[PDB]
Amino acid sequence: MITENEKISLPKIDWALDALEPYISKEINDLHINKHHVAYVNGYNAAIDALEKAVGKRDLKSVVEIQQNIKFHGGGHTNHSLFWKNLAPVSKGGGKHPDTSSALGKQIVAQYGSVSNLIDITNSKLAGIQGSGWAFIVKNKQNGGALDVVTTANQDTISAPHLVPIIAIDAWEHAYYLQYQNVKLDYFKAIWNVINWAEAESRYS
């Protein structure tokens, strides 16, 4: 029994399916959003509906079973929503580095010395992921807004109340396979050319 202000939907994306070429093919973006993300949107909504029913009648065997789907689709929708938002065509700023005069920029130089180095780290983490997963540049609000590079598995997302996702990078094969196939190393590097750091600076404050 999912209600109006409970259900989610696919977000409006601020760029064209081909606006990220030649770094990300429109064939991927098409399938990824409209195919993969749509599946998560449907999954979360159906999972919530299934809960009001199972919970509504004290069936914990089902309640516990449905939990997984909610973590998966709910985290999937969240991750991809973050993903599109920190992506932009080179035209609209994509690939433009954080300002040496911005809060986020100064923080990267203090902890990592340069945005360049932070990328080598994030890329190493991404290449490290075994199976499906994500990489994040997170801000920890409980230890003085310190930045860190964290890796989640599958659809898991930054859910800790004190953690705030700054940049999300998809490591699922579906994200890069049609264009890069096995060579995920090329995809990890290339994607920085379309990363919307303006959104990162926005999230940092």
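Position 1 is the first residue in the sequence shown; the rest follow in order.
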Higher-scoring stretch by recorded Cα B factor average, 71-79 or 102-110: 102-110
On mean C-alpha B-factor from the PDB entry, just flag whether 117-125 or 90-98 is the higher one. 90-98
Chain third (lowest, middle, highest) by recorded CA B-factor, residue given as residue 174: lowest
Classify residue 60 as lowest, middle or highest third according to the C-alpha B-factor given in the PDB entry, relative to its own chain. highest
Sorting by Cα B-factor within the chain, modelled residues only, which third would residue 159 end up in: lowest, middle or highest? highest
Sorting the chain's modelled residues by C-alpha B-factor and splitting them into thirds places residue 24 in the lowest
Using the B-factor values recorded in the entry, state whether the Cα atom of residue 143 falls in the lowest, middle or highest third among the modelled residues of its chain. middle
